[PDB]
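Just one chain follows, in the form deposited in one PDB entry, and it is written as structure tokens.
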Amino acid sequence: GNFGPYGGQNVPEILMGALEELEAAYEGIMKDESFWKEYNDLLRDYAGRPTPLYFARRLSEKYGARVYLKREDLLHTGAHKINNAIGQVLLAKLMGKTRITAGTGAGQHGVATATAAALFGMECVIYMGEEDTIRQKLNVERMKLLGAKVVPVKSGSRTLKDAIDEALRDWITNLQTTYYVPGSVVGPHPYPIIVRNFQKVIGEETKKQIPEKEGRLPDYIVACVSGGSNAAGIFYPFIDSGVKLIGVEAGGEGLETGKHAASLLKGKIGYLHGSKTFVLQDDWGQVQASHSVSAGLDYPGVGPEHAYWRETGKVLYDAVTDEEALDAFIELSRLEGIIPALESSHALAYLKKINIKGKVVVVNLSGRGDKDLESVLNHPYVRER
């Protein structure tokens, strides 16, 4: 469970039995034909896979390139999170667990988890941070409609990190009945491998679709990176393929302003939620609060596989600011009629940061941005626009 020096199982000792039980159960389904049949049948009929590779003609003409969008926004619940939530709650039910817990910031992973819990008829308790938006109010009503319990997180600054903290305390105090569902590729082994292996269907589908459109592998593949599950899903089948893989972290107000979530670019090696990885820290090793106009990227850590990919040069990493992501949000809505998630808008914004004239670019559209409409229109950068 080590990606070079990163990863590991840096957890309280009482969690070692659950991690070893999870690792053994996951190793059993690796060859189980029945599991992958029930899972892939749900990905097709319940989630909507395979998602199409859409040629954005008007976006391509603006940049003088051939830009393709991997349409993960067309999935059920409207984000890639549904791919990981279905497979993990299914694994939980197969392991005999009767309760599901998870943490969420705005409510996206909470909705995807509560959706899979209602599909499999399991108890679901979601710990959610505080934000005064119609988006979160809708997610609360979604999760309550799906039958899940929502516990407003009051610890810390009531962020996604604080919600994950409360969900982990729930897991430890309910280890007999509860399965913990992480939202990204951040966590103790084998969680980063489990989440990535559930998301790599994105990159596998992409590898089969792009030669039908261009007769060759793409020149670039761009995806937004916070924890890194959607980027790892599309990057993994293309590792060491020669395709330029670019992960875009949240630059916030600026990489030198102290208000961002670029764990790889500005973080230090540390421990967060079970994994040794790059975390935003001060000089004394204390985790720092992240910031981003995108709630999905507002996380101070990054998956250990991305820290390994960055070190070995297999994936290139950069960041874009809040304003650049807001501009890409409006740009795709006007040019293609697709309202992208503010998370994926960071990857779309990077189309301006690379010389793509005449290049074939695939952008991972990780979700739709209807949840972000009020945040975008009320932002002072857009209001002044």
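Throughout, rigid core stands for the largest set of C-alpha atoms superposing within 1.5 Å between the two forms. Start at 1 and count along the sequence shown; that's the residue number.
Heads up, the form deposited in another entry isn't pictured, but that's what we're talking about next.
Listed options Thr178, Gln209, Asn197, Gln136; Cα moving by 2 angstroms or more between the shown form and the other one (core superposition): If I go through the list carefully, the shifting residue is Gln136.
Outcome for the Cα pair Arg135, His291 in the other form, compared with this form (closer or farther; change of 3 Å or more): Compared with the shown chain, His291-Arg135 is closer in the other form.
Closer or farther: C-alpha pair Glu72/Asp132 in the other form, relative to this form, given a change of 3 Å or more: Their C-alpha distance shrinks by at least 3 Å in the other form.
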